[PDB]
C-alpha cells in the first residue's frame, strides 16, 4: 500500500506529484465494469480533484490551484495513477508543515507514502504513515 509524493516549494509555487498503484485509491487493478467499480473510481476522481482538502493546505497560506492532471485510463474518456498539481500560495511563508493525515483518512488502503521534497534548502526524504503523517516543509 505504497505511494510516492514529490513536493517542490519555490516561492509562491507549490508542485505536488503523486504516483500510486490504482489498488490504494480505487480498490482494484482492472478497468471499471460493475456499478461499485464506477462509483469507487468517481469517489477517487472527486477527491484527487480537491487537492487543497486532500493535502490539507492551511487556508491562511492563500493557496489556489493553477492546474491539476489525473493520468490513468480510469479517468480518461475511452496500471499506475499519476496526479500532478501546480498550486500558487499568496503567503507561502505560512506553509510550515505538510500533513498527509487527510490523505490517509480518505484513502485508508494507503499504508506508507515515500516523500521527496526539493526547496531553496535542498532535497529531503521521509517515509510517512498514518502514525507519523507530518513533514516539516
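Residue numbers count along the first chain shown, from 1.
Counting the unmodelled positions of the deposited sequence between residue 78 and residue 79 gives a long gap of 10 or more residues. Stretches 26 to 34 and 57 to 65 differ in mean CA B factor, with 26 to 34 having the higher one.
The stretch 104 to 112 shows the higher mean C-alpha B-factor when 44 to 52 is compared against 104 to 112 in the entry. In the PDB entry, a CA B factor belonging to the lowest third of its chain's modelled residues is recorded for residue 122.
Split the chain's modelled residues into thirds by C-alpha temperature factor. Residue 19 is in the middle one. Looking at the C-alpha B-factors along this chain, the one for residue 70 belongs to the lowest third. In the PDB entry, a CA B factor belonging to the middle third of its chain's modelled residues is recorded for residue 94.
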